[PDB]
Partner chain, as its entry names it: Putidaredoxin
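The chain that follows stands alone, in the form solved without the partner chain, written as C-alpha cells.
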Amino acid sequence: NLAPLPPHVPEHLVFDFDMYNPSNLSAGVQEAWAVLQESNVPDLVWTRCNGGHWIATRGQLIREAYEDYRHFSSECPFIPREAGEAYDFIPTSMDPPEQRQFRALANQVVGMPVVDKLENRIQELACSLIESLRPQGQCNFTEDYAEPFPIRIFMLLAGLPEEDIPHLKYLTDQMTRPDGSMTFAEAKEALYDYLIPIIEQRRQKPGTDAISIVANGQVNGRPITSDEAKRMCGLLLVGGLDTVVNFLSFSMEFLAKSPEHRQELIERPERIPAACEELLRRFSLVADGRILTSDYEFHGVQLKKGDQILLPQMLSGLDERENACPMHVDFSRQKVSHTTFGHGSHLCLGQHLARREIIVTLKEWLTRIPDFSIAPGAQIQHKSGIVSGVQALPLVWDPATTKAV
C-alpha cells in the first residue's frame, strides 16, 4: 500500500522501504535495514510506505538531523503519522529548552546512582534465573530470560506488581511492533487507563518507587501535573519493558552461533565492556524520527514543513563510512561508533541501566553455561519496527558442560 508521491519528491529519491516489513527479513533484521546503505541507494530517500516519509541512510545525516532540533522536531517522532501524532510521551515528544526540565527529573529515576543502588538485585536475579535454567539443557531464551530479567528489575524499580507483566507487555508490543489488533491511540489509552489510578494513589501517598518520585517531582520550580506524570511514566514503561528485552535476544542468538566469541569473553573478561559496546553497535535495534518544522534544504534535498523523516539509530553503526566491515563482530575494534542510545538532546537516560543488565548477563551466563547453541531445526525470526525483536530463541546445551556457582 504505497501512497502517492508528493509534488516535491524527485522520483529518483524514491526507495520503497517498509520499516514494519522490510524485504529480506529472513536474513536478519539488521541485514534487512542495511539494504538502505547499498551503493544503489541515495543518502536520503523517500518511501511511499507507511504513508510516505523520508529516511536518512548514513550516520553523518542521522547525527546532524539529531543535533538540529530547530528543523527536526520531536513533536511527531513516530511513523506512521497517526502514531507520531497520538504520542505525547515526555520528554520524547518535546524539544529543548522545554525538554531539559523533564529530562532532569527522569534522570533522577533511572540515572547512574539508581543503577548503582540496584546492582546487587540485578546480579541476584540474573544468577538466580540462570542457575534455574542450567540443569534443563534447554530454554526459550526469549520467554525464559530475556523477558523476566529486565522486566522484573523494572517492576521492582517502579513498584508495580509482577502480575501486571503480561497485560503491560502486550500493550507495549503493540506500540513498537504494531500488529493490527489495536491502533496507536487505543493502545496508548489502555496504558493510560492503567497508569492514572496508580499515579493518583502515589500523589496522595508517596513511596520510594520511580512512579512516586515522578508523580511528586518539581519541574521549572512548580510541581508536575498529573497529565505530565502520566506521560513520563508511559515512556518509562515502554523503555523498561521493550528494549533490553529485545537486545539480549539478538546478542544471545549471536553468541549461540559464535563459539570463538564466547571463548574470548571467557578468557579475557577485561573485554566484556568492549564487547558490550560492539554488540550494541552490531545488534542496534531502534528506529524513530522527526518532523520538519519548516521548508528546509538538507544535503541538497528539499524538505517540506510537516514531512516526517526516519532517522534510524540502528543505521549509524552499520554504516561502512563509520565502521570498517560493519556486519563483522570484532571485540577489539579501535573505535566502536554507534548511536544505539540516540544522539543529541534525546540521548537515552536508561543507557546505564541497560549496559549494566547486558554486562551482568554476559558475565553470568558464560560463567555457568559456556557452551550452548541454537536448537536443531529452529528457524529464528526477527521482527521489524520502532524497536526490532526476536520472536523466540530456542537454545540447547549439555548440562554436563555447565558449572554451578
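Numbering follows the first chain given and starts at 1.
Higher mean CA temperature factor between 275 to 283 and 144 to 152: 144 to 152, per the PDB entry.
Look at the C-alpha B-factors of 301 to 309 and of 160 to 168. On average they run higher in 160 to 168. Considering 73, 316, 246, 174 together, the PDB entry gives 174 the largest C-alpha B factor. Ranking 131, 264, 82, 119 by Cα temperature factor from the entry places 82 first. Among all modelled residues in its chain, residue 89 ranks in the middle third by Cα B-factor. For residue 26, the recorded CA temperature factor ranks within the highest third of the chain's modelled residues.
For residue 391, the recorded CA temperature factor ranks within the middle third of the chain's modelled residues. Annotation for residue 340: CA B-factor lies in the lowest third of the chain's modelled residues. Among all modelled residues in its chain, residue 251 ranks in the lowest third by Cα B-factor.
This next part talks about the form solved in complex with the partner chain, which is not shown.
Though the partner is left out of this view, residue 347 does reach within 4.5 Å of the partner chain in the deposited bound form, counting heavy atoms only. Using a 4.5 angstroms limit between non-hydrogen atoms, residue 103 touches the partner chain in the deposited bound form. The shortest heavy atom separation between residue 324 and the partner chain in the deposited bound form exceeds 4.5 Å. Looking at residue 185, you'd find every heavy atom of it more than 4.5 angstroms from the partner chain in the deposited bound form. Looking at 164 to 172, 103 to 111, 144 to 152, 209 to 217, the stretch with residues near the partner chain in the deposited bound form, meaning non-hydrogen atoms within 4.5 angstroms, turns out to be 103 to 111. Taking a 4.5 Å heavy atom cutoff to the partner chain in the deposited bound form, the contact residue among 116, 227, 270, 193 is 116.
Of the residues given (351, 37, 367, 337), 351 alone sits with a heavy atom within 4.5 Å of the partner chain in the deposited bound form. Shown without its partner, the chain has 67 as the single residue in segment 40 to 69 with a non-hydrogen atom within 4.5 angstroms of the partner chain in the deposited bound form.
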